[PDB]
Amino acid sequence: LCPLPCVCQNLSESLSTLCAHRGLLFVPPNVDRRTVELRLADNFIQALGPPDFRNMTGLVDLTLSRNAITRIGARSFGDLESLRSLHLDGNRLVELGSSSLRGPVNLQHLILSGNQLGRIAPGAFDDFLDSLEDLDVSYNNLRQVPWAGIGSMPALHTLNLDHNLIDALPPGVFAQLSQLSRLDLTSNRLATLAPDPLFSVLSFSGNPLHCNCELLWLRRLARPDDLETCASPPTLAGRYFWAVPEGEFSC
Amino acid sequence: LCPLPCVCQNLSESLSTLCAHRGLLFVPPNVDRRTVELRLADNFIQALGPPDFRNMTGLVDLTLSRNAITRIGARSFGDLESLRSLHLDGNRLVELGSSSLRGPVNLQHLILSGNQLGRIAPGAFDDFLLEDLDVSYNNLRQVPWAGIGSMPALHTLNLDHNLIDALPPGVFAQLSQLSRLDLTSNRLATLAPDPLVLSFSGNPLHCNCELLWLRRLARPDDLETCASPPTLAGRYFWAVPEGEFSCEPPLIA
Ligand SMILES: *[C@@H]1O[C@H](CO)[C@@H](O)[C@H](O)[C@H]1NC(C)=O
């Protein structure tokens with residue numbers, strides 16, 4: 001029912017197995033399959049596979065933050081049909097495959113920040129497309145985000161793409177995102193941007209902005225100074241984006 | 001001389017140029033060369049080169065924490081002779097070269113944690129052979145032991161949260177002042193008893209006769225776990241009785 005290092009709190013017909021900061025080397029196999037909240041954060045589990053979370057139908061909240069997971073097997077979360085939140089932050093993941101995130105069909109929160117993700121498959125989020133309300137891919141090495149998947153989530157209200165290496169933002173990626181309230185693009189490799197609407201919150205500070213005529217539409221907006229800086233042309237290098245007059249954006 | 005976004009505090013002939021959280025894309029070139037404390041943390045500077053810190057003789061404290069440094073040029077800190085502390089944590093450094101950490105001759109503290117360091121040159125630290133060396137939270141499989149073993153003043157070595165699988169027999173031999181050694185969350189399966197505070201939790205310990213010496217020590221339970229043999233897998237290292245650490249001769253040359 002409860003693994004030796006773990007503590008189980010039985011709420012009104014609801015199981016919560018807490019194994020946080022207990023020095024685990026791998027997910028314990030003696031966890032009850034009736035558990036709803038599985039907390040495995042601050043451990044040292046390096047590998048996830050199919051038998052770790054097999055037959056767990058009613059698992060709602062699974063947190064695996066600040067671990068040492070370098071590899072996630074094909075269909076590790078395959079039986080997690082009720083999974084509404086999945087935390088995989090502060091890990092060593094480099095590539096996310098199509099089979100890795102298969103399973104949580106009603107997933108609403110996906111935290112994948114603080115890893116070393118360089119490539120994510122285009123069909124990785126295909127099983128949790130409609131449901132996904134929050135997508136966090138902060139602090140990774142991402143050059144290209146899977147825009148086809150991220151653009152097919154009608155319920156997404158938060159997308160954290162900050163602290164990555166994204167050099168291009170296409171024009172069809174912002175289309176069809178009605179509930180999008182937050183889009184963080186801080187600390188990336190973006191030099192140019194294309195006129196995008198729905199300006200209610202977009203952050204783009206710490207980007208190598210090319211302050212010329214192509215970036216004059218953005219300079220005309222009523223937005224706060226988030227300390228955005230010009231990296232090129234050399235005359236504008238070092239100067240704040242919101243402090244340089246509109247007449248100095250020449251070609 | 002003070003750069004437009006930076007604030008300079010002159011406290012009794014002590015220049016403190018603070019540029020933290022200013023959204024800088026690169027180290028400003030209008031910084032006074034007489035500065036002693038240069039704070040450039042929480043900035044978005046991605047590249048360091050030799051003209052960024054040239055002619056700064058009296059620079060003692062240089063902090064570049066939580067930035068986006070992916071590359072450090074050859075002899076970037078070349079003229080920082082007085083540099084006693086260098087913070088380069090929370091960055092994107094993957095490989096440290098021999099010429100990269102050249103310059104600070106009297107360096108006493110070196111923080112290189114939170115990066116993605118996979119390889120470090122053997123002669124990178126050859127200029128300051130240091131009191132504190134931090135290489136935590138990186139992807140290090142092998143650290144420069146020949147360099148780390150040639151620092152007679154080293155009192156702290158943080159190797160935790162890396163991928164170190166082996167610890168050589170004669171490295172800490174020349175380390176007399178070593179008081180702290182963090183080895184938490186690594187790939188270490190076996191340890192050798194070579195003394196003269198050590199943490200080793202979160203390692204894939206092979207709990208047999210080879211680690212029985214460690215089990216006999218009067219140490220607190222830092223939640224160390226056995227990964228092998230299969231009978232001891234999952235159980236705590238400090239909870240398994242000493243009689244259960246059995247083995248067969250290793251038969252090696
Ligand atoms: C200001 O700093 C300079 C050295 O850069 C020093 O000569 C001067 O005395 C300092 N001013 C005060 C009031 O301490």
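Residues numbered from 1 in each chain as written, not as in the entry; some residues may be left out. Chains lettered and ligands numbered in written order. Heavy atoms only, no water. Residues with missing side-chain atoms left out of burial classes, pairs and counts.

A. Quick peek at the overall build of chain A. A tally of helices and strands in chain A yields two helices and 16 strands. With respect to the principal axes defined by its C-alpha atoms, chain A has extents near 70 × 35 × 30 Å. (Helix = DSSP H or I, 4+ residues; strand = E, 2+ residues; numbered from the N terminus.)

B. A look at the interface of chain A and chain B. With 23 residues of chain A at the interface, the matching set in chain B holds 25 residues. Per-class residue counts for the side of chain A that touches chain B are eight nonpolar, 13 polar and two charged. (Contact = heavy atoms within 4.5 Å. Nonpolar A, V, L, I, M, F, W, Y, C, P; charged D, E, K, R; others polar.)

C. Inspection of the state of the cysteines at higher detail. Each disulfide pairs two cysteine sulfurs, and for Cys 2 of chain A the partner residue is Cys 8 of chain A, the sulfurs being separated by 2.0 Å. When the S-S torsion is 100°, as for the bridge of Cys 2 of chain A with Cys 8 of chain A, the disulfide is right-handed. The disulfide that involves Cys 209 of chain B links it to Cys 247 of chain B, with 2.0 Å between the sulfurs. Measuring handedness by torsion sign, the sulfur bridge of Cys 209 of chain B and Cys 247 of chain B sits at about 105° and is right-handed. Highlighted residues: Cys 209 of chain B in the loop between β15 (205–206) and α2 (212–215) and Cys 247 of chain B in the segment after β16 (226–228), separated in sequence by 38 residues. (Disulfide = S-S within 2.5 Å.)

D. Focus on the pairing of strand β3 (residues 35–39) of chain A. All names here are of chain A. Direction of pairing for strand β2 (residues 14–18) relative to β3: parallel, over a ladder of four bridges. Bridged to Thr 17 within β3 is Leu 38. Strand direction decides the pairing type here: β3 and strand β5 (residues 61–63), joined by three bridges, are parallel. Within β5, the position partnered with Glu 37 by the bridge is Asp 61. (Pairing = 2+ DSSP bridges.)

E. Quick peek at the sheet that holds strand β11 (residues 134–136) of chain A. The mixed open sheet is built from 10 strands, whose spatial order is β1-β2-β3-β5-β7-β9-β11-β12-β13-β14 (chain A). Looking at which strands have only one partner, the edges of the open sheet turn out to be β1 (7–11) and β14 (202–203) of chain A.

F. Fine view of the packing of aromatic side chains. With a centroid separation of 6.0 Å and an interplanar angle of 90°, the aromatic rings of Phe 241 of chain A and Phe 249 of chain A are classed as edge-to-face. Consider the rings of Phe 237 of chain B and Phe 245 of chain B, whose centres lie 6.0 Å apart with planes at 90°: the pair is edge-to-face. Through a chain of ring-to-ring contacts, the aromatic side chains of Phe 204, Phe 241, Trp 242 and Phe 249 of chain A assemble into a single cluster. (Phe/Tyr/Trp six-rings, centres within 6.5 Å; stacked < 30°, edge-to-face > 60°.)

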